[PDB]
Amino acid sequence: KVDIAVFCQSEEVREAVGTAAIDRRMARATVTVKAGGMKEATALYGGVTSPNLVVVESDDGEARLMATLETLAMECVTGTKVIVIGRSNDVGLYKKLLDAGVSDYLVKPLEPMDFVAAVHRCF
């Protein structure tokens, strides 16, 4: 069973992610939703081993998003996949993230099927 950890602030993300977790296509995964974002994820994975997939909700600028992702990738155990949930719908940003090792980028508003799709895409 795949372990998934979701760090989100928005209720709309939390709801979409929650609806996606109870879906039949998400049977081979255990999703855990935690409050916060990058800071909370980085702080926790500094002491605790990261799960198979870490989903993080971030509204940060390109320069900051890249820097916070470098720091999170340092704490995560090799094999850990990262998905970023953001507000920006930019192809250039999506490309920069995918060249950095992010498995997928999800643009808000998040549909529960977008999250099921993104998880399957990763694996």
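Residue positions are given as counts along the sequence shown, with the first one as 1.
In this entry, the higher average B-factor at the C-alpha atoms falls on 114-122, of the pair 2-10 and 114-122. Stretch comparison (54-62 versus 41-49) by mean CA B-factor in the PDB entry places 41-49 on top. Residue-level inspection of the entry shows that, of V82, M26, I85, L93, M26 has the top Cα B-factor.
When the modelled residues of the chain are ordered by their C-alpha B factor, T30 lands in the highest third. Among all modelled residues in its chain, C76 ranks in the middle third by Cα B-factor. Sort the modelled residues of the chain by CA B factor and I22 lands in the highest third.
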